[PDB]
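Working notes, beginning with the structure itself.
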Amino acid sequence: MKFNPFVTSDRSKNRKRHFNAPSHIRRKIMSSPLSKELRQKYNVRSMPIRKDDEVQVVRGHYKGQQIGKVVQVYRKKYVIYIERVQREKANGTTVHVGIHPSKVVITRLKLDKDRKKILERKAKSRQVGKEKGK
Amino acid sequence: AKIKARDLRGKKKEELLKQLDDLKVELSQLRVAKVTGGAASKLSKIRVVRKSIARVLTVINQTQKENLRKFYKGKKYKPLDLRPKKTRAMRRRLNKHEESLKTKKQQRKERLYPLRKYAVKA
Amino acid sequence: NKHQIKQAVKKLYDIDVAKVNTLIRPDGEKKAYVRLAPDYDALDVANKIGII
Amino acid sequence: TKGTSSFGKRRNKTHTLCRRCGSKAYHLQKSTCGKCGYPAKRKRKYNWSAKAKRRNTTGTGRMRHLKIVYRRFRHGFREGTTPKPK
Amino acid sequence: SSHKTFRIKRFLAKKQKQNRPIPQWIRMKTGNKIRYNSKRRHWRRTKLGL
RNA sequence: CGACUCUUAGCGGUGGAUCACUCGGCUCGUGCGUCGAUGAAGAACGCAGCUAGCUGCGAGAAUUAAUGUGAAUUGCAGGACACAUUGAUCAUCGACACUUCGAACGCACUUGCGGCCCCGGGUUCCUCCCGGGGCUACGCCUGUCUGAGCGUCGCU
RNA sequence: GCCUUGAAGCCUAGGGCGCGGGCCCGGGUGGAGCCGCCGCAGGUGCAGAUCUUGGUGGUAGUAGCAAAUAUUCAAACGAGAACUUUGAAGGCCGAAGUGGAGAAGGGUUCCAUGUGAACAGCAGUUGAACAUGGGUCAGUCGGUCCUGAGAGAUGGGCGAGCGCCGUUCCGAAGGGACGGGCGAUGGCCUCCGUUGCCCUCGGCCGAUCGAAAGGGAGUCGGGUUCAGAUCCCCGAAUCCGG
RNA sequence: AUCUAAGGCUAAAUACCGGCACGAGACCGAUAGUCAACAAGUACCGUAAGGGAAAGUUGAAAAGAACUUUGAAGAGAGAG
RNA sequence: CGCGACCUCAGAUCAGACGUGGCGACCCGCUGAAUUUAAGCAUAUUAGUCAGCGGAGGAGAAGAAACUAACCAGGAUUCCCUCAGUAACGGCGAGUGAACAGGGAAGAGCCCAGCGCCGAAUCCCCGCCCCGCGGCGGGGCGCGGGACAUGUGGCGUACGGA
Ligand SMILES: [Mg+2]
Ligand SMILES: [Mg+2]
Ligand SMILES: [Mg+2]
Ligand SMILES: [Mg+2]
Ligand SMILES: [Mg+2]
Ligand SMILES: [Mg+2]
Ligand SMILES: [Mg+2]
Ligand SMILES: [Mg+2]
Ligand SMILES: [Mg+2]
Ligand SMILES: [Mg+2]
Ligand SMILES: [Mg+2]
Ligand SMILES: [Mg+2]
Ligand SMILES: [Mg+2]
Ligand SMILES: [Mg+2]
Ligand SMILES: [Mg+2]
Ligand SMILES: [Mg+2]
Ligand SMILES: [Mg+2]
Ligand SMILES: [Mg+2]
Ligand SMILES: [Mg+2]
Ligand SMILES: [Mg+2]
Ligand SMILES: [Mg+2]
Ligand SMILES: [Mg+2]
Ligand SMILES: [Mg+2]
Ligand SMILES: [Mg+2]
Ligand SMILES: [Mg+2]
Ligand SMILES: [Mg+2]
Ligand SMILES: [Mg+2]
Ligand SMILES: [Mg+2]
Ligand SMILES: [Mg+2]
Ligand SMILES: [Mg+2]
Ligand SMILES: [Mg+2]
Ligand SMILES: [Mg+2]
Ligand SMILES: [Mg+2]
Ligand SMILES: [Mg+2]
Ligand SMILES: [Zn+2]
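Protein chains in written order, with the entry's author numbering: chain Y, 1 to 134; chain h, 2 to 123; chain X, 105 to 156; chain j, 2 to 87; chain l, 2 to 51.
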């Protein structure tokens, strides 16, 4: 249950903030989980997604274990574009198909300076969380 | 192609003005191309050049202002573009020293008869 | 006005000028017709500007 | 003769655009607006029309100076400084 | 009226530019509802405020 | 057998009711309680590669710098961005800049007329012409400067 | 408790109940929520109110498309011609015109190319419609200047007060200038203006506004555009100021 | 019996249909509720003061009907 | 026949400050009605109310008795409950209409002038040195200007007191 009186718990206000958020927030909302292996090694559960991450699809028509990469992150509509998932149009031209990132599993990352930094803060937060709860 | 203010802070008046001119020249040229028919590549630069100019002109006025206020510092009278800028009302108040002035009679009373710390039932 | 205009072209395109005439279009944009001294040719100068 | 034909002599304008108000009321012979009272310093504003007030108020156009005053109060009208460099 | 003034001439000019049709690339954006202008004006009908 | 008129049902039309949804209102309460001559409120005109409106902004004009974040914006284009020179886009907001009217302030509302000092062509002040910059409102307070009076006296 | 193995709502020559208010089943459509019991509460049940808002009928393929003498033959473009265009013939306006130019007002309606949805109360290959582009050039043409009937600030007066009266009326009302003297002034301080005075003459008599037909110096001919000319080009002049 | 005018200053307990931020509801649910759920004090009427609207919903995703054929085209039969 | 003065009085693009206008829900001061009720109407009521003109703050105003009372007496102002639909007003008709005392929220008191003493013992502006500078202050030296005796500062205001 909730106890704090300075935030909302109201249907209309959640939706309004969601459908009118700026981009530096849509990044977090457009987060996606990891696989079991990566969780174990890094001791983390979720990262925001990027443009050369390797991913699977879990739910829908295009689920299966075929693995692909990310191509384009159309935040304005809360979707992403994978390389092989695509359909033919009337003319005989292939085009991509958007899918929400909650429905995908990341298998390989795209690391760099900032993204290593980000993982470490998540690790230490959970670490003291376990050691102090326990 | 790139212009960064971080590079330009240390340079001088005249070099910046020379660099300023080359930009405006390039701007007049591109507008000619725009009208006679031009090309996509040369139209997607008109935005770039406009912003580059604003950088330069911005740097000039920042350092220019910041030598003047250093010059007038420590003086009774100074221009109005350098005085503090708040509400009119806040400019028609008392100076934080004129607030804490008291007559001798008020002072003397406070010395002899102040509030003393106490308690009861004990 | 006409004096400003005259000096500007002399300072830009490195040229000399007899006279000018002005009007204001219905779009609100002002326009000039500038005649050069006979020493100078306009087809010449127009290509330096890069215009035909 | 007081109808259709008397509406053919209309070629002589009475009102014209104000210089403070934007609207079209500046009486030429008499030199007053009729919605702003221009040549007077004080604005025509009567309290027997709520609607007539709420079309021109402090909250109607741009507010290109108050908009920042509200942003500056929220921190204490600070000035003369910068955040930490990098 | 052939003896205009400068204020009048700016005023008309804006209204003239402000009476053109709509671009077609606007019809394809995400959250577009706009089908046509419906703020246009035709000299022989719907005179001006002036 | 025919047309035509009437009744009922099935199907197709016209027109937009009911039903289900909702980035809107109304009502109550909590906290704070801030405009401007250092030029407000409001008005006008303008600014996008492709742009009319709404929105945002002011000739540095769909935004500059500076911090926080950390790989996009997107209807089409074209290019940039190397994210271990560092730094795309977003948000914030402490520096800089902020057209014409308007209490509106050189005199007047046609954008018409001027006056003073300074720089640069006008030559090398010497005066006419051009550009450019700074001043040029009403009332009022303290003090300075020059002044008026068969006002009250003193003095030679 | 019911439910994507199908909720609400809607239709129904179907089966049935209750004196009635009303309800339960069956079939079709449709696509996401809904009901029964005990208590609570209310913006709670329509045939009307020359009711309010929206929509649809008979009337009715009706009344009508009649003020101002008038059309015809052929050819061309074109899917396509009573109405466009070219030619020819017959006719009207009849110089106080159905002609050629302008003020007030309108404001891109102007000019070319293309189109034939809509509009042009029939039609249209046309359009003052729709779309895309282009177009207004001045020392001498007008404004700007002057004042007119008149409007309107200052001083003054009055008024609870925003303010009102009034325009020479209860005002130290012009910074107006000038010949002379005085020291200075930068230019070769010659000649000057000058910031400064001592002198020196000073009336005016009321700020300001007010007419694109009143008053107000001076430009004419020829040629040139899809569209502009006393403005552009050619050629001959002239006013003002220094 | 009770006060000492014709001079002056002062916080707290109180008010708040405009403003800046926040939360909540036995409320209305597109002819209702703000006139204004949408480019609304907009379009538009008026010489001016002023008056002042109508207008919500494709679908999970445009995958928004390629190609054939009749017709001047609009509209159609097929296919998807 | 120039200077000191004020009866006094004007001027300056003189040096340095200031005021004007806008919003206006709550606040302060003036001005100020008619529908309507009375089953008619003229006093009354509607109403010190709408409209109107001014002036502000984050609250404003009021405010530390020229009081209430008649008690074995309380003791600034402001809000709440109650006193009270009362005492009183009134074509005594329709209609209007408070205060004290009691119980609570909160709670804080103080300056001048005039009498009277102190070598005006007092204030502003320019100049120079040093700290501090973005709510322009402090300390020191100028036979540097000025306001003030037609009255500046210290002691002291009825709590009765000094
Ligand atoms: Mg004292
Ligand atoms: Mg001209
Ligand atoms: Mg008409
Ligand atoms: Mg519907
Ligand atoms: Mg659904
Ligand atoms: Mg209800
Ligand atoms: Mg009812
Ligand atoms: Mg009915
Ligand atoms: Mg009935
Ligand atoms: Mg007939
Ligand atoms: Mg006829
Ligand atoms: Mg003609
Ligand atoms: Mg004619
Ligand atoms: Mg005309
Ligand atoms: Mg027709
Ligand atoms: Mg035509
Ligand atoms: Mg005049
Ligand atoms: Mg004339
Ligand atoms: Mg008192
Ligand atoms: Mg007080
Ligand atoms: Mg609706
Ligand atoms: Mg509905
Ligand atoms: Mg509505
Ligand atoms: Mg005021
Ligand atoms: Mg009566
Ligand atoms: Mg009656
Ligand atoms: Mg009566
Ligand atoms: Mg009364
Ligand atoms: Mg009132
Ligand atoms: Mg007070
Ligand atoms: Mg009782
Ligand atoms: Mg009463
Ligand atoms: Mg009491
Ligand atoms: Mg208590
Ligand atoms: Zn006006």
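Even for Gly, the Cβ is constructed at its ideal location relative to N, Cα and C.
Which same chain residues end up closer than 6 angstroms to residue i when comparing Cβ atoms and leaving out the 5 residues on each side of it in sequence?
i: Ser24/j; result: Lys36
i: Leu127/X; result: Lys135
i: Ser31/Y; result: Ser46, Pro48
i: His43/l; result: none
i: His96/Y; result: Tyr81, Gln86
Which word fits residue i, buried or exposed, when buried means at least 16 other C-beta atoms lie within 10 angstroms of its C-beta?
i: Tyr78/h; result: exposed
i: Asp114/Y; result: exposed
i: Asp145/X; result: exposed
i: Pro101/Y; result: buried
i: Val57/Y; result: buried
i: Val55/Y; result: buried
i: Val128/Y; result: exposed
i: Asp53/Y; result: buried
i: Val26/h; result: exposed
i: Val70/j; result: exposed
i: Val121/h; result: exposed
i: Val104/Y; result: buried
Find the residues of chain j that neighbour residue i, judging by a C-beta separation of less than 8 angstroms, and give them in chain order.
i: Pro85/h; result: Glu80, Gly81
Can you give me the Cβ contacts of residue i inside the same chain, cut-off strictly under 7 angstroms, excluding the 5 residues immediately before and after it?
i: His16/j; result: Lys25, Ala26, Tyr27, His28
i: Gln66/Y; result: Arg84
i: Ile119/X; result: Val113, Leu140, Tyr144, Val149
i: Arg10/h; result: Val60
i: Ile156/X; result: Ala150
i: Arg45/j; result: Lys36, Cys37, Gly38
Can you pull the chain l residues whose beta carbon is under 9 angstroms from the beta carbon of residue i, in chain order?
i: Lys36/j; result: Near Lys36/j there are no residues of chain l at all, since even the closest Cβ is about 13 angstroms away, more than 9 angstroms.
i: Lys25/j; result: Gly50, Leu51
Show which residues of chain h have a CB atom less than 7 angstroms away from the CB atom of residue i.
i: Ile109/X; result: The contacting residues do not exist; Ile109/X stays about 15 angstroms from chain h at best.
Identify the contact partners of residue i in chain X, using a Cβ-Cβ distance below 7 angstroms as the criterion.
i: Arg11/l; result: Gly132
Give me the Cβ distance between residue i and residue j, rounded to the nearest whole Å; I'm assuming they're in contact under 8 angstroms.
i: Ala141/X; j: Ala122/X; result: 5 angstroms
i: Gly92/Y; j: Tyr81/Y; result: Going by Cβ atoms, the distance from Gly92/Y to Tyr81/Y rounds to 20 angstroms, so no, they are not a contact pair.
i: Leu83/h; j: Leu102/h; result: 29 angstroms between Cβ atoms; not a contact.
i: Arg126/Y; j: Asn43/Y; result: 6 angstroms
i: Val70/Y; j: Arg50/Y; result: 7 angstroms
Please list, in chain order, the chain X residues whose beta carbon lies closer than 9 angstroms to that of residue i.
i: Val33/h; result: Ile153, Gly154, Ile155
Residues of chain X with CB under 8 angstroms from residue i, in chain order?
i: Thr88/h; result: Those within 8 angstroms of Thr88/h in chain X number zero; the least Cβ separation is about 40 angstroms.
i: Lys18/l; result: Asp131
Excluding sequence positions up to five away, which residues of its chain have a Cβ less than 8 angstroms from the Cβ of residue i?
i: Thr59/h; result: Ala6
i: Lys2/Y; result: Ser9
i: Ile35/l; result: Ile23, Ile27, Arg28
i: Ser32/j; result: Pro40
Name, please, each residue of chain j whose Cβ falls closer than 7 angstroms to the Cβ of residue i.
i: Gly32/l; result: The contacting residues do not exist; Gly32/l stays about 25 angstroms from chain j at best.
(request) Note down, one range per segment and in chain order, each beta strand (DSSP E) of at least 3 residues found wholly within the segment 25-78 of chain Y. (result) 31-33, 46-48, 54-57, 68-74
(message) What ranges does the alpha helix (DSSP H) occupy inside the segment 33-64 of chain h, keeping only unbroken runs of at least 4 residues that lie completely in it?
(response) 41-44
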